[PDB]
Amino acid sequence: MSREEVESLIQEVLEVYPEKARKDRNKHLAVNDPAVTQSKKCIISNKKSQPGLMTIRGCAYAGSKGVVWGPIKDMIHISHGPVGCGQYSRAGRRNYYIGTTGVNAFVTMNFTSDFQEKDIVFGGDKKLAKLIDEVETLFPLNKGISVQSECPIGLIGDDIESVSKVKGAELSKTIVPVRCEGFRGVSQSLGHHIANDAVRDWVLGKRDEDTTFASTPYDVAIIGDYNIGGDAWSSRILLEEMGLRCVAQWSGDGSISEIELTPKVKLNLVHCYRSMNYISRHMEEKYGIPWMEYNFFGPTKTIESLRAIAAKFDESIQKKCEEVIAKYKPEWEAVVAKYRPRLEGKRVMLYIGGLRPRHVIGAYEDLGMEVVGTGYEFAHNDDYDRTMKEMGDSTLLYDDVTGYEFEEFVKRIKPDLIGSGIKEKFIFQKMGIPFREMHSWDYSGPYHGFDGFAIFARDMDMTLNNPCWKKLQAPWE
């Protein structure tokens, strides 16, 4: 398809809308041009959703509890409000961890204040205070409590900050208030922000006066890898084989102690810029700790990123970097030799949240596949900036894509593979298009590092070339 056919497709799709939504949606749909290297010049992002168009977006609570806070394994997180939010988000996200659940770790459990009508009327602050005490009795090895606000908390005028301060002092315990009510902002994105501000104000400082931690020149932190299917452990093994010491890793398989030790490190390695740039900037200004983005998705990006990381230290680390590279070279070369022939020339459309739509492009390229359309749920313009340069000319870009748009684009572009979320999966499968989940990894993974690339290639292959796709037409039709 040519530029003119895409642009034509865009206006064709907008026809169905009433004028108000039409005009807004036009601004969120663009064709990429390598001639303009500046996000705004092409597309608009991080605006309100148009009502009733079937956006794929979640809320600020999903961004704060589901994404940033929930993975922290040795704290108890309370879904404070009515029963729904905590239930639907119980163990739906694969932020993997090591611990003894119900005893020292609490990730896949659902703790809630389960609001009734009386708590709407009189407020829930007295119930929150009692809940905190019941939690200390029943879960004595918890090392901290967060309070994740659902929609009604802010709307009835509760003061969870006051309950948290008074109860924190009484019990000599960290209780973190989080105002991540789902009506706040436009998407999961503001939830990230509020949750980073909460880490900052209530946890990250706890050890500013302590000098006992013995440091080394090679201390780093892995910030914003949520360890989907083990993703962070496959990234971590490579940093440790390269001679760095990973003092902290959060929030996937993250402990509160390692959040509190993060200000001790020499470099913050940031996997997800969108969710964690707020805290990373705060740490540079307050502690003089630099940060850098990196990508361990596919061998090309992994290799480039190891080199860039190594480059921030001395010769000895750069040496180990080249040894790690030589070690895994045969393994990834074999994955390529086996799977690239089976995937070469096939065309992929992506739709994910705030990072993966650009971050996974390199891995597809290492298998000789072409990303012909990508898009984000809740990215900002600095994200679209990095995207336009990683995507080919005349590719489609879509922001806060509606159900209708995504289905009509696909019908016309006819990609060979789609990578999106659970809400999209069963749609395109029915239309005969191979589909892979690019949040949950379809219950597979890891996809990070050299070990994850293997898994990643097997998965794309098993699905794209599955014999089920030849069977959708009954032979008598």
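Numbers follow the displayed sequence, beginning with 1.
- Averaged over Cα atoms, the B-factor as recorded in the entry is higher for 410-418 than for the other of 448-456 and 410-418.
- The PDB entry reports B-factors from which the mean C-alpha value can be compared for 311-319 and 238-246; the larger average falls on 311-319.
- When the C-alpha B-factors of 124, 185, 375, 392 are ranked from the entry, the top spot goes to 392.
- Per the PDB record, 213 has a higher Cα B-factor than any other of 97, 297, 213, 115.
- Per the PDB record, residue ranking by Cα B-factor puts residue 430 in the lowest third of the chain.
- In the deposited entry, the Cα temperature factor of residue 159 places it in the highest third of its chain's modelled residues.
- In this PDB entry, residue 253 carries a Cα temperature factor that places it within the lowest third of its chain's modelled residues.
- Ranked within its chain, residue 11 lands in the highest third, by CA B factor from the PDB record.
- Sorting the modelled residues of the chain by their CA temperature factor places residue 325 in the highest third.
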